[PDB]
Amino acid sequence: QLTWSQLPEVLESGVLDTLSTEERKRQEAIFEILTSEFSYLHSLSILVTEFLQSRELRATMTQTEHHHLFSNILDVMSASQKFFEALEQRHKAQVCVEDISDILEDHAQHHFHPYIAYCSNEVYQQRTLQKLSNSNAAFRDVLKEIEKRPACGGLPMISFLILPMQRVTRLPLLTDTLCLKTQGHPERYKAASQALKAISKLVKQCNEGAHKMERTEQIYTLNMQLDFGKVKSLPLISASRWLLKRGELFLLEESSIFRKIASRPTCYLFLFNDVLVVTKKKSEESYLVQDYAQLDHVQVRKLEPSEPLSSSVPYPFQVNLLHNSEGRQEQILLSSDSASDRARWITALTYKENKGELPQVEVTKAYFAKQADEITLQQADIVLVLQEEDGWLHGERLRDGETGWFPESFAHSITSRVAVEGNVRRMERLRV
C-alpha cells in the first residue's frame, strides 16, 4: 500500500523537497522490485509450509508424484530468499538506494538456475495434479482441508505452484522500468542495462526448457498413441517435431446432399509443425492413422455454403494433400461447428506460409491455454493482434513473442498512439 515516497523514513529525511522527479521514480522502481519479491517469497513459504511439508498430503501420493508435483520448489524459495535479503540490505542502509543492478545481474547470472528446472518441469506438475485430482480420493480430501486453512488466504494450491513462472517473467518488466528511470545516470544505466540482458536471458532459457520438455513428452506420448499399422510407416519421433493443433472434425462427403446431424462421421487431426496426420479415434489412448502428408504439401480453403433458391455443415473447409502417404493426391472435406474453430484450423494449416502497425490489446484477466494453439496470458500482458475471428484473437505477446489464440473477452484495445508507440519501443528493449 505505501509507496517509497510515503515511507516514514523518507518523509523524515526531507529528501523529497529537492529530489528530482526522475530520481523519485527511480527509487520507486527499486522499491517495487523489493516489495514484489517479498510478497512472492511470502507466498512461496505458504506453499512450502502448508503443501510441500504436509505429511498427510504426502501419504496420499508416492515419492515420484511428490517430486513431480513440487519439483525443486525449495531451491526456488532459497534463491528468492537470498535475492530478497540482498535487496533488503540496500533498502535498510540508505533513504535513497544508489543502485541494485549489480544484485539483479549477479543473481540472474549465478543464482537463478533453479528457475530453469522448475519452469521446465511444468508439464509433469500439470499431469501429476490432473491424475491426483481425477483418480485419488484421499488426495482430494486432504487437499480440500488444507485449502480451508487461513494461511492460504483463499487461494488453491495450483495458484501457488505457478508463482515462480509468473515471477520470473515479470522481472524483465520491472528491470526495464528501472533502466528507464536510470537514464539520467550514465554508469548506472549501463549496469541496469546489463541487468536487463541477464534477466532476459534467464527467462529465455526458462521458456526454452519448458517448451523442450513439453514437446518431448508429447512426441513420445503421441508416437505411442498413433497407430500407423494400415499406412506406410512414418517415424513420428524427432527432436524438432512439435504439435501445432489437434482435434476432432466432422467428415463431409459431397456425394450426400441429405446430411444428418446424428451419427455424423468424424476424423481426428494431429497437425505438427512439419506434418499433418489424419486419424480415426479408437480410444482416448489410441488413434488409427488413415493418411498423412508433409505440411509443405498441404493446401486448405474454406468451402462455400449451398446456393440459395440451417446447414448440417455449419463452417466447412477442405484440406488437399498434394502428396499423401502413398505419394498420391487426396482431398478431405471437413466441418467444424464454430467459425473460430475453422479459422484456428486454417491458421494452423498455413503455419508454413510491420509490427508497429499491428493493433495492440491489453489483457484484463489471466487466461490459461486449454489447447496447443492457445497462449497462456497474465493480467496486463500486451498482445499484438494478428487475427480476429468470432470472439477469438490470434496474437503475439509483446514481452517474449509467444503466439496463440485467446478469447477476445479477456483483453481490451489500446487506442492511444503514444502508448502504442511506447509499447513497440519496449518490445526491442525486451527481446533477445
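Residue numbers run from 1 along the displayed sequence.
In terms of unmodelled positions of the deposited sequence, the chain runs continuously from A262 to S263 in this entry. The modelled chain breaks after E353 and resumes at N354, leaving 4 to 9 residues of the deposited sequence without coordinates. Averaged over their C-alpha atoms, the temperature factors of 281-289 and 73-81 are higher for 281-289. The PDB entry reports B-factors from which the mean C-alpha value can be compared for 248-256 and 337-345; the larger average falls on 248-256. The PDB entry assigns its highest CA temperature factor, among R167, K131, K230, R215, to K230. The PDB entry assigns the greatest CA B-factor among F317, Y124, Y189, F139 to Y189.
When the CA B factors of the chain's modelled residues are split into thirds, the value for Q331 lands in the middle one.
Compared with the other modelled residues of the chain, the Cα B-factor recorded for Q360 ranks in the highest third. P305: CA B factor lies in the highest third for its chain, per the PDB record.
Ranked within its chain, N324 lands in the lowest third, by CA B factor from the PDB record.
Placement of the Cα temperature factor of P114 within the chain: lowest third of the modelled residues, per the deposited record.
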